[PDB]
Amino acid sequence: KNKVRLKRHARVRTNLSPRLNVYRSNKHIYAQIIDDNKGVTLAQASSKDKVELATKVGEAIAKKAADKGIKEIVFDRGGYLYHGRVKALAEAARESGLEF
Amino acid sequence: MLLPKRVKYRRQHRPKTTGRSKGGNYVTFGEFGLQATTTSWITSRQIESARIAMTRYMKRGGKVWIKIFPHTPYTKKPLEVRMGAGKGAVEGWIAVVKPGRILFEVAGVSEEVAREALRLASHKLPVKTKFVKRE
Amino acid sequence: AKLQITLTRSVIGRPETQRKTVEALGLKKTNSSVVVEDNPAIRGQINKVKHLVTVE
Amino acid sequence: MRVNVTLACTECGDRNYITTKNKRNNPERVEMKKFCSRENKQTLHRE
Amino acid sequence: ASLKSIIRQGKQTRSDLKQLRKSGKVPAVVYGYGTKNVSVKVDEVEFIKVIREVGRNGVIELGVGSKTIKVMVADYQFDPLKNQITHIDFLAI
Amino acid sequence: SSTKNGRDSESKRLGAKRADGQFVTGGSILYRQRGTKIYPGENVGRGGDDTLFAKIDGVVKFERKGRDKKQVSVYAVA
RNA sequence: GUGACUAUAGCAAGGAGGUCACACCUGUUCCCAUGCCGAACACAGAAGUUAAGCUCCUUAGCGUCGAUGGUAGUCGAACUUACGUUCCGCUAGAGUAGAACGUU
RNA sequence: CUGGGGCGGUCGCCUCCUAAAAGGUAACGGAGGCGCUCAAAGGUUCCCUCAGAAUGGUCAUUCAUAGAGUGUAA
RNA sequence: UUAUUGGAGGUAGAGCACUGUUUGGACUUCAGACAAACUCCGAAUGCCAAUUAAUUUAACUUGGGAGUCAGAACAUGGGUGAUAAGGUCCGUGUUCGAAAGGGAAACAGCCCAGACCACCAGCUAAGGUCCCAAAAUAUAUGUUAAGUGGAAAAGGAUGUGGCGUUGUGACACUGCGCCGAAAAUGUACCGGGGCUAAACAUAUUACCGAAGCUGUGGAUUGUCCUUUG
């Protein structure tokens, strides 16, 4: 799937992009806000730090960004579908204070 | 006599006759051959005459390869007409031969029968030639 | 100011860019002679028109 | 074959947005949602 | 077999090569382990009567560094309209 | 023996319109093309009709996109 | 994970490496799902397995990179009709590299 | 218009070639088309990947950088 | 204009990786070819810039007044024609047009060279140096016997020289010659006489040769102010 999840992500990322990029797994979710003109990361969030934990990771990434002084973002669904887990990952950062 | 079976374009600009030969300069299919030493257009009708001479001389014993093929159709206009009013009708098919190309190759024959056959061929082709043997 | 360059052939019947080069060297008439400090870029002008000049 | 139709705001203001339709494949009085700029609003158009 | 070849040095202009070819010399190039691309000249007949002796895929001692290195003949160009070899490739080992 | 040929079309002035290293304005056309022989880089708009134009005022630069595809970007001067 | 680079970055082959991650695998309860099928997308997951996917290594068969030297081709002269000098400099083919580097 | 004129052909627009690697470039030079068509064949968000060669009895599998398709010529 | 750099682009060439044409083998495949409308490739040049350095004299805008819209030859890249035409139609440069002077015998377009005027001055360019006709019967070395030089092919051939490989003969390049070579007023395809060097090829020496350049005088415009000269 990742050999084709990556293809849908490269399809996504032709118009879009700082990034708030994601990565699902069988049990974990790897969120991270990344610059896209230096390759630099700005914040961090993982699952080992299925929707309760999606809200957990969303809150974590949002409060880390709040410590890091950045508000307005662009959300990359990374080629996954915007639904359920990634749905909640988007609706946690808005509810933690952020711009989508 | 010889001609391609399909051509995409009946009418073509005529090939460059000035320069040297780019490919087919070394005996490949056989032992002996006739190398060209002068540029011209060889028509299918005279390619065939040279082949007939070479074939009948060897008793139809040895093997021959006609290394050149006429791909290019030259046109001509009718008897007594003025210039213009379109390009003419296909007269025949020609190959362009430049200094160094190997017109015919033979094998299955000693040097002397092959030499006389190739000599008797070179008199029906509008170019000068010489006798060549594989390296 | 090395490179004493003299115009020794005419420019009648020479291409026009060549006529431009020799005038940009400052050679007015035939047998005229300009002194010009040897550059790496003034030398490239006396190769466009090597046949019509004499250098020394 | 194609008619050269003329749309006309249902409510207010009329006869803008010329287009063309296909009569045999649309033998009906077509309808659109266009910007009636007279009354500065999205509104229906006919004909 | 034994061959002596002296280096050609400088930029080989057009006239220079056309002088070496209307004299009886064949330009050559050498390379392989330890050779390091000495552009050389060889006798246009001596090479014939050495390679026709040692055969096509033989072994040849040349004037490489004024010493022998057991060279090969990778490729060779051949102006056929005069039957004259035009360039040789000596692949060392 | 008349002929059924001869007619052609008006040639449409097509291709590069600025130079690699040149200062361009905010809406200048950088290249004209059918299809995409050169894709739009950064701050380059790939307008309709497939023409490539600049957006900001800057210096133009033809780069490549890996192998077999090249792009045009525009930069800020100084 | 995630970016940058012209595959010297790929293919193809042999070889090991496990639930710590990544996987496949349990199933349709749940949100959602096929113009039929939880095959897919997605949801609830603990078994079980290193076979496959896959990270890591060997390989120069296939692709890709590719000199030095020579040749063709011409820019400009200069004789005359195809050469001669100057100068740039091909493709092809071999010497070769090469099983990638790499930012956060 | 016209390799005298008449007869024949043509006349506006598009895509190639000639055209000489910027653009431009003629002939009664070599090839084709146009005088429309879509209310979804437009917009937008998502999802997917073709042609063909074989193994079988529309299907399935594999091989496959594109040889498909792109309303309509190139 | 040139040097340095960056660039776009698909011509020459080349190649068969795609579309087509094709030759010989073996049962898709190995070798070999072809292309204006074929491209895995790909120049030299030309073009665009830097707001990139050294020389040089333009560039542009605004206005007044125009003529031009029958072009030609040669060199090179092509189409058409028949790789005919002093043909025709395009790109590229030059000369004529609107250009006199020297050479090509004479000869708008070929080569040299751009006339302000005068001189019974000098140096040279193309081209030349036995006489017509100014200047070498020059110097060194070789070739050619046909008057080749001073017109023409396939093809032929113990012409003659050079170098080369061969076991006295044979061949591979080769330079120069021979035959093929018949037309209409009068030799009549060196301008003529004549030429065996006064031909050819190569290599240093001289000299001749223009209205070019220089020398001397003069006439006009200009621009620096050496220094209103």
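Structure: above.
Please set out the overall build of chain C residue by residue, giving values where relevant.
Secondary structure assignment for chain C yields 2 helices and 3 strands. Listed N to C, the secondary structure of chain C is β-α-β-α-β in terms of helices and strands. Taken over C-alpha atoms, the radius of gyration comes to 10 Å for chain C, in line with the 10 Å a tight globule of 56 residues would show. By principal-axis analysis of the C-alpha atoms, chain C measures approximately 30 × 20 × 15 Å. Within chain C, the fraction of its 56 residues that count as buried is 29%. At a minimum sequence separation of 6, the contacts of chain C that also span at least 24 residues come to 72%. Here chain C displays about 3,900 Å² of accessible surface, and carbon together with sulfur accounts for 49% of that area. Treating the 10 positive side-chain charges of chain C as one cloud and the 5 negative ones as another, the clouds have centres 8 Å apart.

Outline the protein's contact with RNA strand I, listing residues and values.
Around RNA strand I there are 59 residues in total, and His13, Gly24 and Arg101 of chain B, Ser10 of chain C together with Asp20 of chain F lie nearest to it. When atoms of RNA strand I within 4 Å of the protein are split into backbone and base, the sugar-phosphate part holds 73%. Residue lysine 5 of chain B places a main-chain N or O atom 3.0 Å away from a phosphate oxygen belonging to RNA strand I. Contact between RNA strand I and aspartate 20 of chain F: a sugar or linking oxygen at 2.4 Å from a side-chain N or O atom of the residue. Elements with a contribution of two residues or more to the surface near RNA strand I: β3 (63-66) and β4 (72-76) of chain B together with α1 (16-25) of chain C.

Talk me through the sheet that holds β3 of chain B; I want residue IDs and the actual numbers.
All names here are of chain B. A sheet is described by the order of its strands in space; here 4 strands give the open sequence β3-β6-β1-β7, paired in antiparallel fashion. Unpaired on one side and paired on the other, β3 and β7 (129-133) mark the two borders of the sheet. Looking at each pair of strands side by side, their axes are set apart by 20° on average, direction ignored. Helix-sheet contacts for helix α1 (residues 44-57) involve β3 and β6 (102-107), and the interaxial angle to β6 is about 20°. Across the sheet, helix α2 (residues 111-122) is in contact with β1 (32-36), β6 and β7; its angle to β1 comes to roughly 30°.

Tell me about the arrangement of the chains, and please be specific about residues and values.
Of all 2 pairs of chains in contact, the one with the most contacts involves chains B and E. Kept free of each other, chain B and chain D leave a smallest C-alpha distance of 38 Å between them. Contact between chain D and chain E is absent, and the minimum C-alpha spacing across the pair is 72 Å.

Pulling in residues and values, what's your account of the environment of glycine 6 of chain F?
All names here are of chain F. Within the secondary structure, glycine 6 sits in the segment before β1 (15-16). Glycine 6 gets classed as exposed once you look at its relative accessible area, which sits at 72%. Considering only alpha carbons, one finds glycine 6 and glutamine 33, 27 residues apart in sequence, at a separation of 25 Å.

An account of a negative patch on the surface is requested, with residue identities and associated values reported.
Residues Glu31, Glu111, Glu112 and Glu116 of chain B make up a contiguous surface patch of negative charge. Relative to the helices and strands, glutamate 111 of chain B is located in helix α2.

Cut-off values and rules
Residues numbered from 1 in each chain as written, not as in the entry; some residues may be left out. Chains lettered and ligands numbered in written order. Part of a larger assembly, values for the part shown. Heavy atoms only, no water. Helix = DSSP H or I, 4+ residues; strand = E, 2+ residues; numbered from the N terminus. Rg over C-alpha atoms; globule rule 2.2 N^0.38 Å. Buried < 20%, exposed > 50% of the residue type's maximum accessible area, 1.4 Å probe, protein only. Contact = heavy atoms within 4.5 Å. Areas by Shrake-Rupley, 256 points an atom, 1.4 Å probe, with all protein chains shown as cover. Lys, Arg positive; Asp, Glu negative; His and termini not counted. Charge placed at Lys NZ, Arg CZ, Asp CG, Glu CD. Near = heavy atom within 4 Å. Polar contact = N/O pair within 3.5 Å; in protein donor to acceptor, adjacent residues only side chain to side chain. Pairing = 2+ DSSP bridges. Axes fitted to C-alpha atoms, helices over the stretch in contact; angles between N-to-C directions. Patch = residues over 30% accessible without salt bridge, like charges linked within 9 Å, V, L, I, M, F, W, Y side chains within 5 Å. Salt bridge = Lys/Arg side-chain N within 4 Å of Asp/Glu carboxyl O.

All quantities given are derived from atomic positions and should not be read as evidence of function.
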